[PDB]
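Have a look below at one chain only, the form deposited in one PDB entry, in structure tokens format.
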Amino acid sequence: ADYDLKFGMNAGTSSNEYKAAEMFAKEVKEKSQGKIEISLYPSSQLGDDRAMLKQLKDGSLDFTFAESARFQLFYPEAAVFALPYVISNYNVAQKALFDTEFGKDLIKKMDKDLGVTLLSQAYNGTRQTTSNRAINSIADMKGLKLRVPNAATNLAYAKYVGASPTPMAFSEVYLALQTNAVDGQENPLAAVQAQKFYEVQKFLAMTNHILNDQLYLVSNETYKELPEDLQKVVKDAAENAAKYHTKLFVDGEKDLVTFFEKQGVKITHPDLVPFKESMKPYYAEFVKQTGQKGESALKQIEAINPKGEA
């Protein structure tokens, strides 16, 4: 309580994100000798992730989560992180962020322009598509009222596969599915579990369309008033928590399809060839809109070997 800090998130109390944030908070409290306590504010209590990023910038929130892709709000070429099917796996997401000129520059800009320090990166799952009717092929997407987050890349996923997107905040999704205001949504398996979307969706299709990472971010305004030994406690704990976070997601992606089947969900495996082909005009539009910086980011990312960590 020398430093009463706050960590906001969209994810709820049953999520991997929350579990990993709990680990982070406990380690920081212990290794700071009680000087720092981090309280958690889940379920978008503080607003969504766009709002919480603004709060880090202003200094009114100390920690939050964001995807690398979310920075497309400020640097359009950063949409590359969530162009469907472009990033192959988490290894590529890691090397894109830390081992390309594009990624390194993004991290610097987040510090300089946006008032946030990137502490660590974790895996947050690969997005899949749930619905109230089976998705056996891309044909079943046509006219599907697909909820998406308020993010351009997810809206484009829905548009280009032929669905009818309805954007809304994460907090609103359960009701929309339950009432069939929409016919489906798309999120990684762990979120379908955490939010209990399986209670209100009979089908899950392995569309494998967007790879989510997760950044542990701190407000520069907060981090500057921690003496360096406490900065180190916070950084080391964020790195430890990110490895745990990733493991929770990796382990669940092995186990969760059976969990859902046990809950009465039918799992489909549509041919993804047409899904990937449908994105080609979107990639062209991305390059048009974002120009040389976008074409460069895409080339840098496509060059990455998806085999091997680092």
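Note that residue numbering follows the sequence shown and begins at 1. By rigid core we mean the largest C-alpha set that fits within 1.5 Å across both forms.
- Stretches compared: 121 to 129, 99 to 107. Higher mean C-alpha B-factor in the entry: 99 to 107.
- The stretch with the higher mean CA B factor, choosing between 78 to 86 and 108 to 116, is 108 to 116.
- Set against one another, the Cα B-factors of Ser68, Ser32, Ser44, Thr64 in the record reach their highest point at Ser32.
- Remark: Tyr223 belongs to the middle third of its chain, ranked by C-alpha B-factor as recorded.
- Placement of the Cα temperature factor of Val265 within the chain: highest third of the modelled residues, per the deposited record.
- Sorting the modelled residues of the chain by their CA temperature factor places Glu27 in the middle third.
- In the PDB entry, a CA B factor belonging to the highest third of its chain's modelled residues is recorded for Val257.
- Among the modelled residues of its chain, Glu37 has a C-alpha B-factor that falls in the highest third, as given in the PDB entry.
This next part talks about the form deposited in another entry, which is not shown.
- Once the core is superposed between the shown form and the other one, every option in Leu119, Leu155, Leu73, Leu114 stays below 2 Å in C-alpha shift except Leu155.
- With the core held fixed, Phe275 shows a CA shift of 2 Å or greater between the shown form and the other one.
- After superposition on the rigid core, the Cα of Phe98 moves by less than 2 Å between the shown form and the other one.
- Core-superposed comparison between the shown form and the other one: the CA of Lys232 stays below a 2 Å shift.
- Legend note: Cα of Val273 to Cα of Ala96 is at least 3 Å closer in that other deposited form than in the depicted form.
- A shift of at least 3 angstroms pushes the Cα atoms of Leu175 and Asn16 further from each other in that other deposited form than in the displayed structure.
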